[PDB]
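Below is one structure, written out as structure tokens; the observations come after it.
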Amino acid sequence: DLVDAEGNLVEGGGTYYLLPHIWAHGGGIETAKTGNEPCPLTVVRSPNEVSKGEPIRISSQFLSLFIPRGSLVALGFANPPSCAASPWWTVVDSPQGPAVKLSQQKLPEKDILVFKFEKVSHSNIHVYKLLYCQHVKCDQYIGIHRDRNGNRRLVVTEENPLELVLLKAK
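Quick note on numbering: the sequence shown equals residues 6 to 140, 145 to 179 in the entry's author numbering.
Structure representation (structure tokens):
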């Protein structure tokens with residue numbers, strides 16, 4: 006089962022801030038306006054090391070009490086951008102490669118349940134890596154690739170995987 010930054014089980018359907026392991030390389034997850042988007046449709050990591058970012062909802066397919074380790078998950082904004090037709094993060098091929106975005110169209114479940122948290126080996130705390138799966146292929150990790158406008162975009166990059174500790178929102 007999944008564990009949060011306080012050693013407790015992650016509540017299914019619950020909201021969490023997805024924080025870095027180490028502060029100095031930025032804060033929580035947010036949205037951003039990039040390219041030809043009329044609103045924040047690009048999921049990014051805040052530049053501010055201090056911050057919590059957006060509370061993110063974590064759900065599995067069976068809307069169960071907890072989320073089984075190695076279970077597919079959907080991740081979405083609790084307070085999503087108005088132009089988004091659903092709060093769920095989605096992966097789409099882009100110039101920077103598979104990018105985590107929001108959509109202006111309704112999405113099918115097969116299109117949202119494409120993430121898998123994976124525990125990283127570190128010591129007194131539960132740190133995760135984010136796996137992007139593709140129809145059952147969870148072999149790519151989500152990482153950061155910063156654009157020339159400064160946005161730390163969430164995309165599938167073959168390195169610099171992002172690591173996360175889950176802090177229960179309130």
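We put the beta carbon where it would ideally sit given N, CA and C, even for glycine.
Exercise for review: Pull up the distance between the alpha-carbon of residue 3 and that of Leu24, whole angstroms please.
Suggested key: Since the displayed the chain opens at 6 and closes at 179, residue 3 lies outside it and no answer follows.
Practice item. Could you spell out the range, first to last residue, of the beta strand (DSSP E) harbouring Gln149? Key: If you number the sequence shown from 1, residue 149 lands on position 140. It spans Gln149 to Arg155 - the beta strand (DSSP E) in which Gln149 sits, taken as one unbroken run.
Check your understanding: Helix, strand or coil: which one does DSSP assign to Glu42?
Key -> Residue numbering aside, residue 42 sits at position 37 when the sequence shown is read from its first letter. Note: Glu42 maps to coil in three-state DSSP.
Check your understanding: Does the stretch 31-49 come close enough to the stretch 63-72 that 3 or more CB-CB pairs lie under 8 Å?
Key -> Counting Cβ pairs under 8 Å, fewer than three are found: no touch.
Exercise for review: Can you give me the start and stop residues for the beta strand (DSSP E) that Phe71 sits inside?
Suggested key: Reading the sequence shown from its first residue, position 66 is the one you call residue 71. That residue, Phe71, is in no beta strand (DSSP E); it is neither H nor E in DSSP.
Exercise for review: Could you work out which residue in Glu59, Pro85, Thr36 and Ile27 is closest to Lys179 when comparing CA atoms only?
Suggested key: For this step, residue 179 is matched to residue 170 along the sequence shown. Minimum Cα distance to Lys179 is reached at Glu59.
Practice item. Take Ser91 and list the residues in its own chain whose beta-carbon comes closer than 7 Å to its own, dropping the five residues that flank it on each side. Key: Sequence index remark: in the sequence shown, residue 91 carries index 86 (1-based). Excluding residues within five positions, the ones whose Cβ falls inside 7 Å are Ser108, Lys111 and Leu112.
Review point. So which of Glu167, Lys57, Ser76 and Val97 has the shortest CA-CA distance to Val145?
Key: Translated into positions along the sequence shown, residue 145 becomes position 136. Of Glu167, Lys57, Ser76 and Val97, the smallest CA-CA separation from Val145 is found for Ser76.
Check your understanding: How is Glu35 classed by DSSP in three states: helix, strand or coil?
Key -> Counting from one through the sequence shown, the residue named residue 35 turns up at place 30. Here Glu35 sits in strand by DSSP.
Check your understanding: Under a Cβ-count criterion, where at least 16 other Cβ atoms within 10 Å of its own Cβ denotes burial, should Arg157 be classed as buried or exposed?
Key -> In the sequence shown, residue 157 corresponds to position 148, counting from 1. Answer is exposed; the Cβ neighbour count stays below 16.
Exercise for review: Sort out for me which residues DSSP pairs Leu135 with in a bridge.
Suggested key: Along the sequence shown, read from residue 1 onward, the residue named residue 135 stands at position 130. Bridge partners of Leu135: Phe122.
Point to revise | C-beta atoms of residue 143 and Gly18 nearer than 8 Å | key: Since the model of the chain passes from 140 to 145 in one step, residue 143 is not part of what is shown.
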